[PDB]
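Residue-level listing of the chains:
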Amino acid sequence: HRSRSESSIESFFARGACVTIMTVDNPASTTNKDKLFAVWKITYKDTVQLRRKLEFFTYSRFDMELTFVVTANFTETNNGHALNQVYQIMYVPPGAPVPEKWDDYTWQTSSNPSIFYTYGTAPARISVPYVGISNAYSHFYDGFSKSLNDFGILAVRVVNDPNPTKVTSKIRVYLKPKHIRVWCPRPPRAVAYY
Amino acid sequence: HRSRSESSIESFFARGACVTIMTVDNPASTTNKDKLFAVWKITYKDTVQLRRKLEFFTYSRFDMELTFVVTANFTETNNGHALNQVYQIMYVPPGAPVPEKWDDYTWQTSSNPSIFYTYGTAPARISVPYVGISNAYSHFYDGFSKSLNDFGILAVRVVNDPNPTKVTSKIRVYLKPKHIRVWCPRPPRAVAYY
Amino acid sequence: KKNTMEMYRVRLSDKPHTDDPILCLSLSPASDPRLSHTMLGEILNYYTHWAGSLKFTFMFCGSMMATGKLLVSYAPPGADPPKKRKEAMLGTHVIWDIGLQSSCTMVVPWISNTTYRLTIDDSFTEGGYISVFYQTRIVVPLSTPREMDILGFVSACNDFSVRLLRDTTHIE
Amino acid sequence: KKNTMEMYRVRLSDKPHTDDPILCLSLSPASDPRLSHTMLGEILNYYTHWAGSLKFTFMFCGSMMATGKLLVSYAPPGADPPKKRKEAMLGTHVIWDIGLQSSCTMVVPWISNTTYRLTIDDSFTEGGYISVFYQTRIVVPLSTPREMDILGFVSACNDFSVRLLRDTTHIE
Amino acid sequence: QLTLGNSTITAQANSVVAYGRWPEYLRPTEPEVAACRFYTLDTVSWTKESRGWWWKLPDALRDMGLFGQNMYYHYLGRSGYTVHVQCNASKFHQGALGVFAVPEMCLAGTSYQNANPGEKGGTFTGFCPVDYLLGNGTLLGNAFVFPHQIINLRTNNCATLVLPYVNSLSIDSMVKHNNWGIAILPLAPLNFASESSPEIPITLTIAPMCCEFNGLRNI
Amino acid sequence: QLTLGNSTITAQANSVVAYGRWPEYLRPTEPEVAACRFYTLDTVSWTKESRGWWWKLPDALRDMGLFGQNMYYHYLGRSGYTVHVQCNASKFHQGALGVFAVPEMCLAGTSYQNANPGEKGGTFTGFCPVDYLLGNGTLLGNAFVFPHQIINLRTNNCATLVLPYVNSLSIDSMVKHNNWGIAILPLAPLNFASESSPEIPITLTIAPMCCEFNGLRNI
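For this deposition, the record names cryo-EM as the technique by which the model was determined and cites 3.3 Å as its resolution.

Chemist: Looking at this model, I keep getting lost on the overall build of chain A. Mind explaining?
Modeler: A count of helices and strands for chain A gives 3 helices and 11 strands. Listing the helices and strands of chain A from first to last along the sequence gives α-β-β-α-β-β-β-α-β-β-β-β-β-β. Along the first, second and third principal axes, the C-alpha atoms of chain A reach 60 × 50 × 30 Å. Taking all 194 residues of chain A together, 51% fall into the buried category. For chain A, the computed accessible surface area is about 8300 Å², with 54% contributed by carbon and sulfur atoms. Side-chain charges of chain A comprise 23 positive and 15 negative groups, with the mean position of each set lying 9 Å from the other.

Chemist: For this particular structure, what's the right way to read the relation of the copies chain A and chain B?
Modeler: For these two chain copies, the linking operation is a rotation about an axis paired with a shift along it. Rotating chain A by 72 degrees and moving it 0.0 Å along the rotation axis overlays it on chain B with an RMSD of 0.0 Å. The relationship between the two copies is best expressed as a five-fold rotation axis. Across chain A, the smallest distance between a C-alpha and the rotation axis is recorded for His81 of chain A, namely 6.0 Å.

Chemist: For this particular structure, what's the right way to read the sheet that holds strand β5 (residues 86–92) of chain B?
Modeler: Paired through their backbone hydrogen bonds, the strands of a sheet run either parallel or antiparallel. All names here are of chain B. Pairing in this open sheet of 4 strands is antiparallel, and the strands run β2-β9-β5-β6 from one edge to the other. For this open sheet the edge positions go to β2 (38–41) and β6 (114–118), each flanked by a neighbour on one side alone. Averaged over all pairs of adjacent strands, the angle between strand axes in this sheet comes to 15 degrees, irrespective of strand direction. Sheet topology places β5 next to β6; 5 bridges connect them, and they run antiparallel. For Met90, the partnering residue across the bridge sits in β6 and is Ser114.

Chemist: I keep staring at the nonpolar core and nothing clicks. Help me out?
Modeler: The nonpolar side chains of a soluble globular protein tend to be buried with one another. Membership of the largest hydrophobic core comes to 87 residues, with the highest contact counts inside it found for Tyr87 and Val173 of chain B together with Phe56, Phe58, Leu70, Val72 and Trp96 of chain C. In this structure, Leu66 of chain A together with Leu35, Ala66 and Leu165 of chain D belong to the second largest nonpolar core, which totals 73 residues.

Chemist: Before we go on, may I ask you to explain unusual backbone geometry in this structure?
Modeler: What is expected of a backbone is that most residues other than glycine have negative phi and most peptide bonds are trans. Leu57 of chain E connects to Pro58 of chain E through a cis peptide bond whose omega is 0 degrees. In this structure, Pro58 of chain E sits in the loop between β4 (53–57) and α1 (66–71). Notably, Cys184 of chain A is not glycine yet its phi reads approximately 60 degrees, a positive angle. Mapped onto the secondary structure, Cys184 of chain A falls in strand β11 (residues 178–185). Owing to a relative accessible area of 10%, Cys184 of chain A belongs among the buried residues under this scheme. At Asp167 of chain D, a position not held by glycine, the phi torsion is positive, near 60 degrees. You can see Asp167 of chain D is positioned in the segment after β11 (162–163). Look at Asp167 of chain D and you get buried, because its relative accessible area is 16%.

Chemist: How do you make sense of the interface of chain A and chain B when you look at a structure like this?
Modeler: Interfaces are often sized by the accessible area lost when the parts come together. Counting from both sides, the interface comprises 19 residues of chain A and, opposite them, 20 residues of chain B. Taking both sides of the interface into account, the surface hidden between chain A and chain B amounts to around 1900 Å²; carbon and sulfur atoms contribute 51%. For the pair chain A and chain B, the number of links is 1 salt bridge. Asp161 of chain A is the salt-bridge partner of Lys170 of chain B, the closest N and O atoms lying 2.7 Å from each other. Scanning the region where chain A abuts chain B turns up 10 residue pairs in polar contact.

Chemist: Help me understand the environment of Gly16 of chain B, please; the structure alone is not making it clear to me.
Modeler: One can find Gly16 of chain B in the loop between α1 (9–13) and β1 (17–25). With 51 residues separating them in the primary sequence, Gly16 of chain B and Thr67 of chain B have C-alpha atoms 8.9 Å apart. Excluding residues within four positions of it along the chain, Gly16 of chain B makes contact with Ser110 of chain A together with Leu175 and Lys176 of chain B.

Chemist: Honestly, the sheet that holds strand β8 (residues 117–118) of chain C in this entry has me stumped. Any pointers?
Modeler: Residue and element names in this part refer to chain C. As summarised here, the arrangement of the 3 strands in space is β8-β3-β11, forming an open sheet in which the pairing is antiparallel. Of all the strands in the sheet, just β8 and β11 (162–163) have a single pairing partner and so form its edges. Pairing of strand β3 (residues 49–50) with β8, which is carried by 2 bridges, proceeds in the antiparallel orientation. Within the sheet, the bridge partner assigned to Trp50 lies in β8 and is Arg117.

Chemist: Is there a simple way to think about the environment of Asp121 of chain D in this case?
Modeler: Among the secondary structure elements, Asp121 of chain D is positioned in the loop between β8 (117–118) and β9 (129–139). Put simply, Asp121 of chain D and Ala30 of chain D are 91 residues apart on the chain and 9.9 Å apart in space, counted from C-alpha to C-alpha.

Chemist: Looking at this structure, how should I read the packing of aromatic side chains?
Modeler: The description of an aromatic ring pair uses the distance of the two centres, along with the angle that the planes make with each other. Applying the stated criterion across every chain yields a total of 43 aromatic pairs over all chains. Aromatic side chains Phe56 of chain A and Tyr46 of chain D sit 5.9 Å apart centroid to centroid with 45 degrees between the ring planes, which places their arrangement in the tilted category. Of this pair, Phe56 of chain A sits in the loop between α2 (48–54) and β3 (57–63) while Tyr46 of chain D sits in the loop between β2 (23–26) and β3 (49–50), on two different chains. Assigned by exposure class, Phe56 of chain A and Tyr46 of chain D land together as buried. On the basis of an interplanar angle of 55 degrees and a centroid distance of 5.2 Å, the ring pair of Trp50 of chain D and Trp110 of chain D is categorised as tilted. One end of the pair, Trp50 of chain D, is in strand β3; the other, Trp110 of chain D, is in the loop between β7 (103–106) and β8, and 60 residues separate them in sequence. The class for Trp50 of chain D is buried, based on a relative accessible area of 4%. Between the NZ or CZ atom of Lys53 of chain A and the centre of the ring of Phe13 of chain A, over which it lies, the distance is 5.0 Å. Cation over ring: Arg163 of chain D sits above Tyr116 of chain D, and NZ or CZ is 4.3 Å from the ring centre.

Chemist: Help me understand the pattern of salt bridges in this model?
Modeler: Summed over all chains, the structure comprises 22 salt bridges over all chains. We note a salt bridge from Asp159 of chain D to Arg2 of chain A, for which the minimum N-O separation is 3.4 Å. Placement of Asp159 of chain D in the loop between β10 (149–156) and β11 and of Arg2 of chain A in the segment before α1 (9–13) is noted, with the two residues assigned to different chains. Relative accessible area serves as the criterion here: at 27%, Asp159 of chain D is assigned to the partly exposed category. Taking the relative accessible area as the measure of exposure, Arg2 of chain A reaches 27% and is therefore partly exposed. In this structure, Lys41 of chain A engages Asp150 of chain A in a salt bridge whose closest nitrogen and oxygen atoms are separated by 3.4 Å. The exposure class assigned to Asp150 of chain A is partly exposed, which follows from its relative accessible area of 31%.

Chemist: What's the story with the interface of chain F and chain C in this structure? I'm lost.
Modeler: Across the contact, 29 residues belong to chain F and 24 residues belong to chain C. Taking both sides of the interface into account, the surface hidden between chain F and chain C amounts to around 2200 Å²; carbon and sulfur atoms contribute 56%. Contact with chain C buries surface across chain F, with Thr10, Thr40 and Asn88 of chain F losing the most and accounting together for 23% of the total. Across the contact surface, chain F and chain C share 0 salt bridges. Inspection of the chain F/chain C interface yields 7 residue pairs in polar contact. Counting only elements with at least two residues in the side of chain F that touches chain C, the list comes to β2 (39–40) and β11 (200–206) of chain F. Tallied by class, residues from the side of chain F that touches chain C come to 7 nonpolar, 17 polar and 5 charged.

Chemist: Which parts of the structure should I look at to understand the pairing of β11 of chain F?
Modeler: Consecutive side chains of a regular strand alternate in pointing toward one face of the sheet and then the other. All names here are of chain F. Extensive coverage of β11 is indicated by the burial of 7 of its 7 residues. Here β11 shows two buried faces, one formed by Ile200, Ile202, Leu204 and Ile206 and the other by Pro201, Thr203 and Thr205. The sheet contact formed by β2 and β11 spans 2 bridges and is antiparallel. Across the sheet, residue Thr40 finds its bridge partner in β11, namely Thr205. Pairing of strand β3 (residues 44–46) with β11, which is carried by 3 bridges, proceeds in the antiparallel orientation. Directly across from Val44, in β11, lies its bridge partner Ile202. Examined bridge by bridge, strand β6 (residues 84–87) and β11 share 3 bridges and lie antiparallel to one another. Counterpart to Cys87 in the pairing with β11 is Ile202.

Cut-offs applied
- Residues numbered from 1 in each chain as written, not as in the entry; some residues may be left out.
- Chains lettered and ligands numbered in written order.
- Part of a larger assembly, values for the part shown.
- Heavy atoms only, no water.
- Helix = DSSP H or I, 4+ residues; strand = E, 2+ residues; numbered from the N terminus.
- Buried < 20%, exposed > 50% of the residue type's maximum accessible area, 1.4 Å probe, protein only.
- Areas by Shrake-Rupley, 256 points an atom, 1.4 Å probe, with all protein chains shown as cover.
- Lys, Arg positive; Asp, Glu negative; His and termini not counted.
- Charge placed at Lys NZ, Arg CZ, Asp CG, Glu CD.
- Least-squares fit on C-alpha atoms.
- Pairing = 2+ DSSP bridges.
- Axes fitted to C-alpha atoms, helices over the stretch in contact; angles between N-to-C directions.
- Core = buried A, V, L, I, M, F, W, Y, C linked by side-chain atoms within 4.5 Å.
- Contact = heavy atoms within 4.5 Å.
- Buried area = accessible area lost by both parts, 1.4 Å probe.
- Salt bridge = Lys/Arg side-chain N within 4 Å of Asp/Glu carboxyl O.
- Polar contact = N/O pair within 3.5 Å; in protein donor to acceptor, adjacent residues only side chain to side chain.
- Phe/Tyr/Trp six-rings, centres within 6.5 Å; stacked < 30°, edge-to-face > 60°.
- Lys NZ or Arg CZ within 6 Å of the ring centre and 35° of its normal.
- Nonpolar A, V, L, I, M, F, W, Y, C, P; charged D, E, K, R; others polar.

Structure below.
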């Protein structure tokens, strides 16, 4: 006897998949270039798989479950023995100021939640609730000004002070939409359109 | 149907925000300079955001939830492989003697609570209860001697013995006032006054 | 007049009366420069979404002998600021007889598609207007001064609400 | 005809009628090129196992005056595509009198040893066929056009099911 | 013969209530007969070459008297519809139309003058949206997911769609956002006996149901 | 503070129901709040030289939005009124106005452009109707037969007239026939203490009651 409870919306969608690879680096003590804080606006329109799966429907209400996998490497033969990097991962909610410097107030501001991650431990994890003005996301908008739903931004930097090692790092972000509802089915877009 | 339970006092105030960056360092075996134990008197009058949010009211009763994020770096190209630093983070309650040396008795005194932190583990954490003589903090005092409420002091040092590495460290302190009550609303001060 | 006590009061003279508003005020708190300092622009400058009905009270600081009428008009969102007395009269207005009343209250209703309208969005500039018009020139006896003053007070209503703290208070 | 609206309709002319199928369609969705785009090939291209009964509706877009008969035959899995009218008639068929009916529905039953048949396996190429044959040439009155059109619709039945998501949607 | 106010159309293929939901009042105003007429848009002559026609709601009814002067002189507005297509053809015409009620119909081949034509409607192409993809970049075959109906000119000649109010917001400004979209596409091209009339008309008949407007703009 | 729809005037000399008959519905439509607003016409500055002002109904309300667009886009229309004059004056102004609701007010000193001025109203003279005869060829003293009221600026400053529908026909076209006419005449000229404001405003406020329109003219 079969089930059919594997084609459910949550079962179809609630699959984690990398959405971006944010590159940062600990500046060398020579200060050749300042911190490369990585800022990425949360959007599903860069992953073909998630976007295509979401374009089967017009309106959706899905809660995000971001997760961060942190990796790093020395760029020089000399070890330098940099003590384990500490990464600040700040979730700038929708509408809040976007950081423009590695020392901007937005990092220290009270509103923006932040996670502190010591390279080596279990991956960081948050769960952005359904954050939207309307009562359901919209992937297709037939109106005009006077889609592009704002989920927020993620800004990641290295709290540690400069060290002469040039420790580059690449945070992979995995998004698992949970508690997802979808309305108004639509034709699926071809795989060449993206 | 709306809530209004996001403009509550605790929701408005119970947000962690860095209040100071205490700099310490492990002295080199050459003993060029002794330990730079960092002593900081707990005061909200250095962060614009928390101070301004607290100046909407005259009297307040808020319990603190200090948290410490520890980072460090070698100042020299040679690694030296200093074994993980151990930091003593002592909370000198209000009125107790203020440490003046990295070997003063106040570190060993029984009254002052202390935390021992091995660089790498989850951030330290305490919760200073409502520590005050009066029945509510006062941000504006109309009297005269014969405000400046004393919350205590935080003194941090490196327990480890000297090692020829010059491992500098910067403890970021995050204060989240919890169980906060406020009375007697006042006009908000401009953002240029601080 | 700014930076002083002269900013808060509007002078109702007795000369041109060129059928144009005494004062037109945008109903978008936390975005309007003249309405973003009234303890609604100081609480909505910490939040991102707001949804409620405002309340404007206009008080007339003149003499008991002064008599006349004023016209308080409310152009709902999506309309345009009325620029003549007749058009304002054709809308949603209240005639405020200053002679027998000294304060007029107007509760702007909460009308919007969403449950929460973004506080500071420069795209939405049609949030509605509240304007004051000279229904009839002012009549005063004897040498009573022509110049008079009107004060405005903006408050939230019992069904106001905000959401999503922002806390943009930087210093540098 | 591909890439246009001409692909979806099959022309029933009134000339050769050489006792060969108007259209023969494999009953292996998600593998048949002409059946792997119908919202069953778009849902079964995300899964690995499928187990259900399909449903084919053939609609006849001709004139009310046109009359004739068609033969919808279903060769079960493990058989071969019938290639003559008589053989199709000897199997499991339905005679579709286009004169008095405009749409013919055929529910392919779910027959298989396993509880779930792999979606895309090139080894199993005998999943059954559904074919349409000219039972009788078309008869039309007066100058009614000879050329006509037939449309096909493929849907799942109420007992369909899939398993083991695959999600092979790459880009590079 | 219908009974909606001033206008009455003689209608003898049953109604296809989109998504199984009838248009219902929000739980405003109540225009009653003020706008709930049967606004019979202009007819479009289906021929052997025409590829399609696309209308958008409520943009189509932007000049239809009371409804047009109520959706434009308000701020919030919601309303279902009862779109009704009739293709008057004789027994010697053969063909088939598909009527699709495309919610949030974004025909991205986009200026507001191109995606909101109004009573004229539009015309697909083989502004030239591609009929093959329905103008949405997606194969026409799948288009049948949209709440639709088929007008086959040997079984029926009329199709009724009862469109409810489908939008992310419980009530939206009718002058900026087009909730629905009616796309009529020839599935099987028109053909006919010789000397018969070569172009058969198609008439849409939109009947706003349960319309509610909130706000007002003087004048 | 009144409660008629959008418009509200603050009114603290009691009502003078003309002829003792309240305006009542014909025994059509029912505009409810569509036209039963309080259309505060423009104010007229009474001075020491002004001789009078004459308005005509419903011609005065020929541009007042919904009422103006309902009396002009119909064929038959009847409606009473609640004309309300207010003369805002201080304690140091002295004078007296007579407000006369003149049925079939024929001010024969007549082009339709002269006897139907509209919102502007008019002005008697000593088009120059003679105030002495009220413009009707008859001495002003007798004018008090018309349902009227007196606004004496030492006892009151407002006067309310409740005009019923008076016309030979139970319902008439509102765009051609002016049922009533409001003539305001200074019985005792204005005077005031030195340096006081030299011109006191007068505001009319017409509130169509029990209005009924029959017919319609599209658009």
